[PDB]
>>> print(open('upload27.txt').read())   # compact mmCIF, N, CA and C atoms
# COMPACT_ATOMS: atom_id res chain seq x y z
N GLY A 1 8.78 11.65 -182.51
CA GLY A 1 9.77 12.36 -181.72
C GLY A 1 11.19 12.06 -182.23
N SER A 2 11.83 13.10 -182.75
CA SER A 2 13.18 12.96 -183.26
C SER A 2 13.93 14.29 -183.14
N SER A 3 14.78 14.36 -182.13
CA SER A 3 15.56 15.56 -181.88
C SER A 3 16.77 15.24 -181.01
N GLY A 4 16.48 14.84 -179.78
CA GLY A 4 17.53 14.50 -178.83
C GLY A 4 17.45 15.37 -177.58
N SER A 5 18.62 15.66 -177.02
CA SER A 5 18.69 16.48 -175.83
C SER A 5 18.05 17.84 -176.09
N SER A 6 18.10 18.69 -175.07
CA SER A 6 17.53 20.02 -175.17
C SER A 6 18.04 20.90 -174.03
N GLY A 7 17.67 20.51 -172.82
CA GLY A 7 18.07 21.25 -171.63
C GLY A 7 19.58 21.14 -171.41
N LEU A 8 20.05 19.90 -171.34
CA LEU A 8 21.47 19.65 -171.14
C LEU A 8 22.29 20.63 -171.99
N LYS A 9 22.02 20.60 -173.28
CA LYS A 9 22.72 21.47 -174.21
C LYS A 9 22.79 22.88 -173.62
N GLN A 10 21.63 23.39 -173.25
CA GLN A 10 21.54 24.72 -172.67
C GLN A 10 22.33 24.78 -171.36
N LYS A 11 22.09 23.79 -170.52
CA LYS A 11 22.76 23.72 -169.23
C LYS A 11 24.27 23.83 -169.44
N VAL A 12 24.81 22.89 -170.21
CA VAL A 12 26.23 22.88 -170.50
C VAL A 12 26.64 24.22 -171.10
N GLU A 13 25.70 24.83 -171.81
CA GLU A 13 25.94 26.12 -172.43
C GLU A 13 26.38 27.14 -171.38
N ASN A 14 25.47 27.45 -170.48
CA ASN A 14 25.75 28.40 -169.42
C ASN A 14 27.03 28.00 -168.70
N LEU A 15 27.16 26.70 -168.48
CA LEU A 15 28.33 26.17 -167.80
C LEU A 15 29.59 26.81 -168.38
N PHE A 16 29.84 26.50 -169.65
CA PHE A 16 31.00 27.04 -170.33
C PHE A 16 31.04 28.57 -170.23
N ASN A 17 29.99 29.19 -170.74
CA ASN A 17 29.89 30.64 -170.71
C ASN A 17 30.35 31.15 -169.34
N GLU A 18 29.73 30.60 -168.31
CA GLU A 18 30.05 30.99 -166.95
C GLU A 18 31.55 30.82 -166.69
N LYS A 19 31.99 29.57 -166.79
CA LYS A 19 33.39 29.26 -166.57
C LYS A 19 34.26 30.33 -167.23
N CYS A 20 33.92 30.64 -168.47
CA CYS A 20 34.66 31.64 -169.22
C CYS A 20 34.82 32.88 -168.34
N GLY A 21 33.69 33.53 -168.09
CA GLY A 21 33.69 34.73 -167.26
C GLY A 21 34.53 34.52 -166.00
N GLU A 22 34.29 33.39 -165.35
CA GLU A 22 35.01 33.06 -164.13
C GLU A 22 36.51 32.93 -164.41
N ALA A 23 36.81 32.49 -165.62
CA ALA A 23 38.20 32.32 -166.03
C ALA A 23 38.91 33.67 -165.97
N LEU A 24 38.23 34.69 -166.46
CA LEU A 24 38.78 36.04 -166.46
C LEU A 24 38.71 36.62 -165.05
N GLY A 25 37.90 35.97 -164.22
CA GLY A 25 37.73 36.41 -162.84
C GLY A 25 36.47 37.25 -162.68
N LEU A 26 35.49 36.96 -163.53
CA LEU A 26 34.23 37.68 -163.50
C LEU A 26 33.21 36.87 -162.70
N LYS A 27 32.09 37.52 -162.41
CA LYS A 27 31.03 36.87 -161.65
C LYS A 27 29.82 36.65 -162.56
N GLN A 28 30.05 36.82 -163.85
CA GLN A 28 28.99 36.64 -164.83
C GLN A 28 29.44 35.67 -165.93
N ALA A 29 28.56 35.48 -166.90
CA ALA A 29 28.85 34.58 -168.01
C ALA A 29 29.38 35.39 -169.19
N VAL A 30 30.26 34.76 -169.95
CA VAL A 30 30.85 35.40 -171.11
C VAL A 30 30.92 34.41 -172.27
N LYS A 31 30.28 34.77 -173.37
CA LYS A 31 30.26 33.92 -174.55
C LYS A 31 31.65 33.29 -174.73
N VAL A 32 31.66 31.96 -174.75
CA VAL A 32 32.90 31.23 -174.92
C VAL A 32 33.48 31.53 -176.30
N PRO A 33 34.64 32.24 -176.29
CA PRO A 33 35.31 32.60 -177.53
C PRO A 33 36.02 31.39 -178.14
N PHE A 34 35.24 30.34 -178.35
CA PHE A 34 35.78 29.12 -178.93
C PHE A 34 36.82 29.44 -180.01
N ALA A 35 36.53 30.47 -180.78
CA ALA A 35 37.42 30.89 -181.85
C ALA A 35 38.83 31.08 -181.28
N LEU A 36 38.90 31.81 -180.18
CA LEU A 36 40.17 32.07 -179.53
C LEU A 36 40.89 30.74 -179.27
N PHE A 37 40.09 29.74 -178.91
CA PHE A 37 40.63 28.42 -178.63
C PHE A 37 40.88 27.64 -179.92
N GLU A 38 40.17 28.05 -180.96
CA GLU A 38 40.31 27.40 -182.26
C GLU A 38 41.50 27.98 -183.02
N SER A 39 41.67 29.28 -182.87
CA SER A 39 42.76 29.97 -183.54
C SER A 39 44.04 29.88 -182.70
N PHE A 40 43.86 30.02 -181.39
CA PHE A 40 44.98 29.96 -180.47
C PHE A 40 44.76 28.88 -179.41
N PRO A 41 44.90 27.60 -179.85
CA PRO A 41 44.72 26.47 -178.95
C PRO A 41 45.91 26.32 -178.01
N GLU A 42 47.04 26.87 -178.45
CA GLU A 42 48.26 26.80 -177.66
C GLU A 42 48.34 28.00 -176.70
N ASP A 43 47.19 28.32 -176.11
CA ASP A 43 47.12 29.43 -175.18
C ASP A 43 45.83 29.33 -174.37
N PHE A 44 44.75 29.02 -175.07
CA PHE A 44 43.45 28.89 -174.44
C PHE A 44 42.93 27.46 -174.55
N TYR A 45 42.43 26.95 -173.43
CA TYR A 45 41.90 25.60 -173.39
C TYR A 45 41.24 25.31 -172.04
N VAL A 46 40.25 24.44 -172.07
CA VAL A 46 39.54 24.06 -170.86
C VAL A 46 40.08 22.73 -170.35
N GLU A 47 40.26 22.66 -169.04
CA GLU A 47 40.77 21.46 -168.41
C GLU A 47 39.73 20.87 -167.46
N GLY A 48 40.01 19.66 -166.99
CA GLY A 48 39.10 18.98 -166.08
C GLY A 48 38.10 18.12 -166.85
N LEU A 49 37.87 18.50 -168.10
CA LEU A 49 36.94 17.77 -168.94
C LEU A 49 37.14 16.27 -168.74
N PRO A 50 36.03 15.51 -168.95
CA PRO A 50 36.08 14.06 -168.79
C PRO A 50 36.79 13.41 -169.97
N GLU A 51 37.10 12.13 -169.80
CA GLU A 51 37.78 11.38 -170.84
C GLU A 51 36.92 11.33 -172.11
N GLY A 52 37.60 11.30 -173.24
CA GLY A 52 36.92 11.25 -174.52
C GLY A 52 35.86 12.35 -174.62
N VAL A 53 36.07 13.40 -173.84
CA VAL A 53 35.14 14.52 -173.83
C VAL A 53 35.92 15.82 -173.99
N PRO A 54 36.07 16.25 -175.27
CA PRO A 54 36.79 17.48 -175.57
C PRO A 54 35.95 18.71 -175.22
N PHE A 55 36.56 19.87 -175.38
CA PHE A 55 35.89 21.12 -175.09
C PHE A 55 35.15 21.65 -176.32
N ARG A 56 34.46 20.74 -176.99
CA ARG A 56 33.71 21.09 -178.19
C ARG A 56 32.37 21.72 -177.80
N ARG A 57 31.59 22.05 -178.82
CA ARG A 57 30.28 22.65 -178.60
C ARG A 57 29.31 21.62 -178.03
N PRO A 58 28.42 22.11 -177.13
CA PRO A 58 27.43 21.24 -176.50
C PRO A 58 26.31 20.89 -177.47
N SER A 59 26.29 21.60 -178.59
CA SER A 59 25.28 21.38 -179.61
C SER A 59 25.76 20.31 -180.60
N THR A 60 26.23 19.21 -180.04
CA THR A 60 26.73 18.11 -180.86
C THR A 60 26.82 16.83 -180.03
N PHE A 61 27.33 16.98 -178.81
CA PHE A 61 27.48 15.85 -177.92
C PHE A 61 26.18 15.05 -177.82
N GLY A 62 26.24 13.96 -177.07
CA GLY A 62 25.08 13.11 -176.89
C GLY A 62 24.34 13.46 -175.60
N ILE A 63 23.30 12.69 -175.32
CA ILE A 63 22.49 12.91 -174.13
C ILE A 63 23.33 12.59 -172.89
N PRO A 64 24.05 11.43 -172.97
CA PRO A 64 24.89 11.00 -171.86
C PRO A 64 26.17 11.83 -171.80
N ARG A 65 26.84 11.91 -172.94
CA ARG A 65 28.08 12.67 -173.02
C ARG A 65 27.90 14.06 -172.42
N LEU A 66 26.69 14.59 -172.60
CA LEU A 66 26.37 15.91 -172.08
C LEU A 66 26.47 15.89 -170.55
N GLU A 67 25.81 14.91 -169.96
CA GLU A 67 25.81 14.78 -168.51
C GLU A 67 27.23 14.51 -168.01
N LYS A 68 27.96 13.72 -168.78
CA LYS A 68 29.33 13.39 -168.43
C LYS A 68 30.10 14.67 -168.09
N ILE A 69 29.80 15.71 -168.85
CA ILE A 69 30.45 17.00 -168.64
C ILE A 69 29.96 17.61 -167.32
N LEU A 70 28.66 17.88 -167.29
CA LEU A 70 28.05 18.46 -166.10
C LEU A 70 28.59 17.75 -164.86
N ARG A 71 28.55 16.43 -164.90
CA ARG A 71 29.03 15.63 -163.79
C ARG A 71 30.31 16.25 -163.21
N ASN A 72 31.16 16.72 -164.10
CA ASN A 72 32.41 17.33 -163.69
C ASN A 72 32.38 18.82 -164.02
N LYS A 73 31.33 19.48 -163.54
CA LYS A 73 31.17 20.90 -163.78
C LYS A 73 31.98 21.69 -162.74
N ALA A 74 32.49 20.95 -161.77
CA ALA A 74 33.29 21.56 -160.71
C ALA A 74 34.77 21.29 -160.97
N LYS A 75 35.02 20.19 -161.67
CA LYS A 75 36.39 19.81 -161.99
C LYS A 75 36.87 20.63 -163.19
N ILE A 76 35.95 20.88 -164.11
CA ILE A 76 36.27 21.65 -165.30
C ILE A 76 36.89 22.99 -164.89
N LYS A 77 37.86 23.42 -165.69
CA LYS A 77 38.54 24.68 -165.42
C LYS A 77 39.01 25.28 -166.74
N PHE A 78 39.07 26.61 -166.76
CA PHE A 78 39.51 27.32 -167.95
C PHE A 78 40.87 27.98 -167.73
N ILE A 79 41.80 27.64 -168.61
CA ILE A 79 43.15 28.19 -168.52
C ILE A 79 43.31 29.29 -169.57
N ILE A 80 43.58 30.50 -169.08
CA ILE A 80 43.77 31.64 -169.96
C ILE A 80 45.20 32.15 -169.83
N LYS A 81 45.96 31.97 -170.90
CA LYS A 81 47.35 32.41 -170.92
C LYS A 81 47.41 33.86 -171.41
N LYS A 82 46.54 34.16 -172.36
CA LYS A 82 46.49 35.50 -172.93
C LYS A 82 45.09 36.08 -172.72
N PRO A 83 44.87 36.62 -171.49
CA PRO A 83 43.58 37.21 -171.15
C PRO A 83 43.42 38.58 -171.81
N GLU A 84 44.55 39.19 -172.11
CA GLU A 84 44.55 40.50 -172.74
C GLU A 84 43.89 40.42 -174.12
N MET A 85 43.81 39.20 -174.64
CA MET A 85 43.21 38.98 -175.94
C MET A 85 41.72 38.65 -175.81
N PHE A 86 41.30 38.45 -174.57
CA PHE A 86 39.91 38.13 -174.29
C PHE A 86 39.07 39.40 -174.16
N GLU A 87 39.70 40.43 -173.61
CA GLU A 87 39.02 41.70 -173.42
C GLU A 87 38.14 42.02 -174.63
N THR A 88 38.70 41.79 -175.80
CA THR A 88 37.99 42.05 -177.04
C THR A 88 36.62 41.36 -177.02
N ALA A 89 36.64 40.10 -176.61
CA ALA A 89 35.42 39.32 -176.54
C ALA A 89 34.48 39.94 -175.51
N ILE A 90 35.01 40.12 -174.31
CA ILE A 90 34.23 40.70 -173.23
C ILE A 90 33.69 42.06 -173.67
N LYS A 91 34.47 42.74 -174.50
CA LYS A 91 34.09 44.04 -175.00
C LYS A 91 33.03 43.87 -176.09
N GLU A 92 33.31 42.95 -177.00
CA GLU A 92 32.40 42.68 -178.10
C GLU A 92 31.02 42.31 -177.56
N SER A 93 31.01 41.31 -176.68
CA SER A 93 29.77 40.85 -176.09
C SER A 93 28.94 42.04 -175.61
N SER A 94 27.63 41.92 -175.80
CA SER A 94 26.72 42.98 -175.40
C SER A 94 25.87 42.52 -174.20
N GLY A 95 25.25 41.36 -174.38
CA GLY A 95 24.41 40.80 -173.33
C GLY A 95 23.36 41.81 -172.86
N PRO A 96 22.75 41.51 -171.69
CA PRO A 96 21.74 42.38 -171.12
C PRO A 96 22.37 43.64 -170.51
N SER A 97 23.09 44.36 -171.35
CA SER A 97 23.75 45.58 -170.91
C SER A 97 24.50 46.22 -172.07
N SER A 98 23.76 46.98 -172.87
CA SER A 98 24.35 47.65 -174.02
C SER A 98 25.16 48.86 -173.56
N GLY A 99 26.46 48.63 -173.39
CA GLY A 99 27.35 49.69 -172.95
C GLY A 99 28.47 49.91 -173.97
>>> encode(input="upload27.txt", output="structure tokens")
Amino acid sequence: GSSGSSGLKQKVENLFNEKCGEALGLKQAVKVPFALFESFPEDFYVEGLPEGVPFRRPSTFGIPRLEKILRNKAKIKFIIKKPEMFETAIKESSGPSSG
């Protein structure tokens, strides 16, 4: 046996995705446009995150570090300064609804 976490990763996954959508004021999940945060960090960023726990991908953190996040899944918050730039993402995304 050599792999590591599994569910947590997924769990934290939806977490972010969700928060994202919620950030825009949606009731669904929206692929976290990390890029937007990577290209425009001085506009988009997640807050509430735990100490020594950045808003990086969940497909890297540890088993504990993963929980550390979830633990504060209510404290975590997404700050969107330029939501008009997110529409593209929300538009790009297809999900279970090809429109």
>>> select_by_dssp(input="upload27.txt", residues="chain A", states="strand (DSSP E)", output="VMD selection string")
chain A and resid 44 to 47 77 to 80
>>> axis_aligned_box(input="upload27.txt", around="segment 93-98 of chain A", padding_each_side="8 Å", output="JSON")
{"center_x": 26.4, "center_y": 44.8, "center_z": -173.6, "size_x": 25.3, "size_y": 24.1, "size_z": 22.2}
>>> atom_distance(input="upload27.txt", atom1="atom CA of residue 96 of chain A", atom2="atom CA of residue 34 of chain A")
20.8 Å
>>> residues_near_point(input="upload27.txt", point="(38.2, 31.5, -170.3)", cutoff="12 Å", atoms="only C-alpha atoms", output="PyMOL selection string")
chain A and resi 15-26+28-37+41+43-47+55+76-87+89-90
>>> residues_near_point(input="upload27.txt", point="(31.7, 11.6, -170.9)", cutoff="6.5 Å", atoms="only N, CA and C atoms", output="list in words")
residues 50, 51, 52, 53, 64, 65, 66, 67, 68 and 69 of chain A
>>> residues_around(input="upload27.txt", residues="residue 57 of chain A", least_positions_apart="6", cutoff="8 Å", atoms="all atoms listed in the file", output="ChimeraX atom specification")
/A:9,12-13
>>> write_last_selection(input="upload27.txt", atoms="N, CA and C atoms", output="tab-separated table (two decimals), in the frame of the given file")
chain	number	residue	atom	x	y	z
A	9	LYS	N	22.02	20.60	-173.28
A	9	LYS	CA	22.72	21.47	-174.21
A	9	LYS	C	22.79	22.88	-173.62
A	12	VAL	N	24.81	22.89	-170.21
A	12	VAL	CA	26.23	22.88	-170.50
A	12	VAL	C	26.64	24.22	-171.10
A	13	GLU	N	25.70	24.83	-171.81
A	13	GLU	CA	25.94	26.12	-172.43
A	13	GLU	C	26.38	27.14	-171.38
>>> atom_distance(input="upload27.txt", atom1="atom C of residue 49 of chain A", atom2="atom N of residue 11 of chain A")
16.9 Å
>>> atom_distance(input="upload27.txt", atom1="atom CA of residue 10 of chain A", atom2="atom CA of residue 93 of chain A")
18.4 Å
